[PDB]
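Mind having a look at this structure? Questions to follow.
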Amino acid sequence: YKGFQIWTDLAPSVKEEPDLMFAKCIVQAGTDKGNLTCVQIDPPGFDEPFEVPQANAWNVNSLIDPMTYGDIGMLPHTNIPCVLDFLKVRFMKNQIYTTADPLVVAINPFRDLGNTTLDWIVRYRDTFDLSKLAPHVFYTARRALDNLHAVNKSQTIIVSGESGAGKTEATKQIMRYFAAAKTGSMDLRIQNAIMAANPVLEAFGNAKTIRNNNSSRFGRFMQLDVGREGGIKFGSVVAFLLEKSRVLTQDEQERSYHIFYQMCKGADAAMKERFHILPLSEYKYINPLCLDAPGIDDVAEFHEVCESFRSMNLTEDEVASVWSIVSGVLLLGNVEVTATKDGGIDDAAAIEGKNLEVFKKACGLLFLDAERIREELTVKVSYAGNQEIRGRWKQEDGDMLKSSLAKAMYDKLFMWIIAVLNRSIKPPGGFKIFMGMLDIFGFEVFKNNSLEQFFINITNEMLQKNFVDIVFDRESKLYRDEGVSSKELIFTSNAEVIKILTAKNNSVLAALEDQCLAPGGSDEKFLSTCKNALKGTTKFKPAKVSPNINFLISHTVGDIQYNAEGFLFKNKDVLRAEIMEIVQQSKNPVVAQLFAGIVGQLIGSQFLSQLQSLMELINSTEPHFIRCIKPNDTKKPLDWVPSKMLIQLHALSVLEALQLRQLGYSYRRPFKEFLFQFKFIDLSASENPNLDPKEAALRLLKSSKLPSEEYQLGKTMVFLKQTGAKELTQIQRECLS
Ligand SMILES: Nc1ncnc2c1ncn2[C@@H]1O[C@H](COP(=O)(O)OP(=O)(O)O)[C@@H](O)[C@H]1O
Ligand code: ALF
Ligand SMILES: [Mg+2]
């Protein structure tokens, strides 16, 4: 039942270059359930005939203008080679946004197309009636903002994808849309502090990665109070799981956080001498092979984050205090912890000579008591029963504790700047009804994946479980429980991999936590208990190469191999109490507030707990999903890799979405919410307290004269199609006094 053009799985140009997965060919002969003789044209290289079975042949969508179809579902033929070609043609014409049911897909162009300027914001925000432009992320922003004010219910925009897909860039674009309000008038200062925060959060939190030159090394969540006619009034920012290990070491092709390069390269000579700023090559903490990020002007961002500090109401004392801590964090890595005498195996740690001259100058930059810190890095008081002993630290421990100071100072400074931001911006009353935004670090894969990547990929798995539960599991169950539709909706879940990773027991994070709670623990003993706590699952497997320390997980985006070397050390990377209480007693105001109020606390345990707390908040809101896709690995514009596109389409469930059109209606809201959203259609039916909400909704629907097939009444909700929601919003045009 197919036309004259087919897509081919077994073709000459696809068997020769499997990365491009399909060829388009015109059928010259054949029959139903017989072999077909056809020649391919879309790769014009092969001008000769060949044969293909009846299978491995899909319809083409030959006559469509792909620039006129905004949704994948609206295409006549929605098979894999059609969806791939549909997104390709639109992407080659610089149209990257394409909707799929509630989902919206955004493909990285790797260049500013100019489609997010202020003129585009105005055209998507205030064009009368409804959105009849092309799909966009401004689609999501306006629909979510309209839903917010129409029902008084919190919404949450959630971007997703892999590293370098455009999650953060889409987030910044939606903030620019929300911040645009030419209809009303407000005080600019709070909104300007929110927008000016984006540079400093990317300076302190982002760094060059082979997968993304501006990779966010932290997750971001934002609650927003967006005005009715646009404009941002209040907000709050939360950053979780900053990767402190990046402060110490980096791969050869990567950089540390941008702020180190902005400072060393952009600081004036007076500032360099003031905070003892060395060139980047003379910092052990800075990878000297890669000092340049292709898309970033480090000197331009340096003056950008300097002006941003003023918009966030940081006094000149605090700004100078921040640069001192940044330089102090860098200089601390130059302190060599030399091995000294009076050690058991000549292993005792100490700082001497030129290292102590550097150590004193670094502590002064960090505003710390030098000799009190030095004692905590060198001597270790222990208790063999009732015997107090002033033993020494081995060189290994003293060096880790020294680097631990630099990481905690940088980690807490990043949180303190955000906390300074929230004090100036958080709403005076509180957050009851808000606009949520989630900017999570995406899936990432390297030749060597440590705990930094393990946590990041686990966050992405939990989001997908929350995606599948909300969009597929809850929706399919809700329709059946309402009596609207009994449908056999089948999909791909990640419930088994999320269990063997995050459960209370019989999971990787559980085996990690128990290993760190032991007096004597090893990375290999942690992987050992993983191999047998539960091995009856294909989601966890011992790696094929070096299986004593390496393991791999069968993720939703493929298989990823991790190595446990350093898991315990990195999972227990908390500043010691005896060192933390020294930086608390600093006479410098900002340093004294970094650890203020502090007197279980493992990263993996305190980070999964925050994820659950954030999952509970977000699920109290109505979610909107943006699926960001990276079309190539070379970051080249107009570069299209069909094999990579298809992997992300399965991972983000863009193809599996299309089932949702078969699941009845697109609008589903309780009777009371519906009567409030369209109350002016029949005020006698909506504002009558002595009425039954199902009859009142029916009276309002029958007053709207909406056709019968465009709505339905469930047991406790009113369902209606995409056509019915458009009309009711339009009918609310009557003018009351
Ligand atoms: N819509 C877009 N327009 C132009 N460039 C983009 C767009 N989305 C992503 N990019 C480019 O891709 C890079 C990575 O985007 P980013 O949002 O950091 O990815 P991630 O999803 O990892 O946060 C950015 O530096 C930017 O240059
Ligand atoms: F900056 Al990313 F995933 F690389 F959010
Ligand atoms: Mg990001």
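What is reported rests on the model, the rules as stated and the sources as named; nothing here is a laboratory result. Positions of Cβ are generated from backbone atoms using ideal geometry, with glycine treated the same way; all protein chains shown enter the neighbour counts.
Residues that are farther than 30 Å from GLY558 by Cα: find the helices (runs of 4 or more DSSP H) completely inside the range 633-737 holding 1 or more of those.
So the answer is 671-677, 683-686, 693-704, 722-731.
Also, I was wondering about something else. From the list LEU356, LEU366, exactly one residue is surrounded by 12 or more Cβ atoms within 10 Å (Cβ to Cβ) and within 38 Å of the chain's Cα centre (by Cα). Which is it?
None of the others qualify; the one that does is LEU366.
Going through the range 328-373 one residue at a time, which ones are charged (D, E, K, R) and on the phi > 0 side of the Ramachandran plot?
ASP342, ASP346
Next question, about the same structure. Based on this model, can you work out whether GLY235 counts as outside any helix (DSSP H, G or I), more than 15 Å from ligand 3 (Cβ to nearest atom) and either crowded, with 23+ Cβ neighbours inside 10 Å or polar (S, T, N, Q) (or both)? So that I can check it myself, show each step before the final result.
On the way: outside any helix (DSSP H, G or I): yes; more than 15 Å from ligand 3 (Cβ to nearest atom): yes; either crowded, with 23+ Cβ neighbours inside 10 Å or polar (S, T, N, Q) (or both): yes.
Spelling it out, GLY235 is indeed outside any helix (DSSP H, G or I), more than 15 Å from ligand 3 (Cβ to nearest atom) and either crowded, with 23+ Cβ neighbours inside 10 Å or polar (S, T, N, Q) (or both).
If you scan the range 1-40, which residues turn out to be more than 45 Å from the chain's Cα centre (by Cα) and small (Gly, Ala, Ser)?
Of everything in the range 1-40, those that are more than 45 Å from the chain's Cα centre (by Cα) and small (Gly, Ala, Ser) turn out to be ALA29, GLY30, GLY34.
If you don't mind, there's one more thing I want to ask. Pairs only if they're at least six apart or on different chains, beta carbon under 8 angstrom, first in the range 257-273 and farther than 18 Å from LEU332 by Cα, second surrounded by fewer than 18 Cβ atoms within 10 Å (Cβ to Cβ) and β-branched (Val, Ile, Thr); list them, first residue then second.
If the second residue must be surrounded by fewer than 18 Cβ atoms within 10 Å (Cβ to Cβ) and β-branched (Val, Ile, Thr), the pairs left are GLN262/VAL299; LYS265/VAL299; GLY266/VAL299.
Could you please tell me which pairs satisfy a Cβ distance under 6 Å, a separation of 6+ or placement on different chains, a first residue in the range 308-328 that is closer than 16 Å to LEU594 by Cα, and a second residue that is assigned to a helix (DSSP H, G or I) and small (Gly, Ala, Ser)?
Going by the 6 Å Cβ cut-off, the qualifying pairs are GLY328/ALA362.
Quick check on my filter: what residues within the range 144-180 are over 24 Å from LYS465 (Cα atoms) and among the basic types (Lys, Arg)?
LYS172, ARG176
Also: Criterion first (buried (at least 21 other Cβ atoms within 10 Å of the Cβ) and not assigned by TED's automatic domain parsing to the domain that holds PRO199) does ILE389 satisfy it?
no
Residue check: is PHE178 within 16 Å of ligand 2 (Cβ to nearest atom) and within 23 Å of the chain's Cα centre (by Cα)?
no
Tell me whether the range 400-416 contains one or more residues that are within 21 Å of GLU162 (Cβ to Cβ), surrounded by fewer than 21 Cβ atoms within 10 Å (Cβ to Cβ) and not assigned by TED's automatic domain parsing to the domain that holds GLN173.
no
Listed here are the residues, each with its yes/no results for (1) crowded, with 17+ Cβ neighbours inside 10 Å; (2) more than 30 Å from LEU660 (Cα to Cα).
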residue	(1), (2)
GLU488	no, no
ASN494	yes, no
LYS499	no, no
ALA510	yes, yes
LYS525	no, yes
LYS531	no, yes
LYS535	no, yes
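Here's something else I'd like to know. Which condition number in (1) surrounded by fewer than 23 Cβ atoms within 10 Å (Cβ to Cβ); (2) more than 28 Å from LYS630 (Cβ to Cβ) is the one that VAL226 fails?
Failed condition: (1).
Here is a follow-up. Which ones in the range 487-529 are over 28 Å from the mean Cα position of the chain (by Cα) and small (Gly, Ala, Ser)?
Hits for the range 487-529 are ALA518, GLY520, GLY521, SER522, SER528.
Could you please let me know if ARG142 is away from ligand 2 (no atom under 16 Å from the Cβ), among the charged types (D, E, K, R) and in contact with a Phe, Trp or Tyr (Cβ under 8 Å, 6 or more places away or on another chain)?
Considered against the rule, which asks whether it is away from ligand 2 (no atom under 16 Å from the Cβ), among the charged types (D, E, K, R) and in contact with a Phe, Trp or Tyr (Cβ under 8 Å, 6 or more places away or on another chain), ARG142 comes out as yes.
From the set of residues in the range 210-226 that are in a strand (DSSP E or B) and near ligand 3 (Cβ under 10 Å from one of its atoms), which is farthest from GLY429 (Cα to Cα)?
Of everything passing the filter in the range 210-226, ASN212 is farthest from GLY429 (Cα to Cα).
Which condition from (1) surrounded by 17 or more Cβ atoms within 10 Å (Cβ to Cβ); (2) in contact with a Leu (Cβ under 6 Å, 6 or more places away or on another chain); (3) of a type outside the set (A, V, I, L, M, F, W, C) is the one that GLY73 breaks?
Here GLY73 meets the rest and fails (1).
Within the range 118-176, take every residue that is among the aromatic types (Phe, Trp, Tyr) and either in contact with a strand residue (DSSP E or B) (Cβ under 8 Å, 6 or more places away or on another chain) or part of a loop (DSSP other than H, G, I, E, B) (or both) and give me the one that is farthest from ligand 1 (Cβ to nearest atom). Spell out how you get there, then give the answer.
So in the range 118-176, the residues among the aromatic types (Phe, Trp, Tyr) come out as 120, 124, 128, 138-139.
Restricting the remaining residues to those that are either in contact with a strand residue (DSSP E or B) (Cβ under 8 Å, 6 or more places away or on another chain) or part of a loop (DSSP other than H, G, I, E, B) (or both) gives 128, 139.
Values: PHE128: 27, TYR139: 14 Å.
Among residues in the range 118-176 that are among the aromatic types (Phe, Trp, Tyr) and either in contact with a strand residue (DSSP E or B) (Cβ under 8 Å, 6 or more places away or on another chain) or part of a loop (DSSP other than H, G, I, E, B) (or both), the one farthest from ligand 1 (Cβ to nearest atom) is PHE128.
Just to be sure, is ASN198 within 16 Å of ligand 2 (Cβ to nearest atom), under 17 Å from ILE418 (Cβ atoms) and within 21 Å of the chain's Cα centre (by Cα)?
yes
Could you list all residues from the range 76-102 that are aliphatic (A, V, I, L, M), crowded, with 17+ Cβ neighbours inside 10 Å and either within 16 Å of ligand 1 (Cβ to nearest atom) or more than 23 Å from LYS644 (Cβ to Cβ) (or both)?
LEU87, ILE96, listed by residue number.
Looking only at the range 145-167, decide whether some residue is within 16 Å of ligand 2 (Cβ to nearest atom), of a type in the set (D, E, K, R) and closer than 22 Å to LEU614 by Cα. Reasoning before the result, please.
First pass over the range 145-167, keeping only residues within 16 Å of ligand 2 (Cβ to nearest atom): 157-167.
Then drop every residue that is not of a type in the set (D, E, K, R), which leaves 162, 167.
From what's left, closer than 22 Å to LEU614 by Cα: 162, 167.
Yes: the range 145-167 contains one or more residues that are within 16 Å of ligand 2 (Cβ to nearest atom), of a type in the set (D, E, K, R) and closer than 22 Å to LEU614 by Cα.
Hey, another quick one. Does the range 430-449 hold any residues that are more than 12 Å from ligand 1 (Cβ to nearest atom), crowded, with 23+ Cβ neighbours inside 10 Å and not hydrophobic (A, V, I, L, M, F, W, C), and which are they?
Answer for the range 430-449, where residues must be more than 12 Å from ligand 1 (Cβ to nearest atom), crowded, with 23+ Cβ neighbours inside 10 Å and not hydrophobic (A, V, I, L, M, F, W, C): just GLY436.
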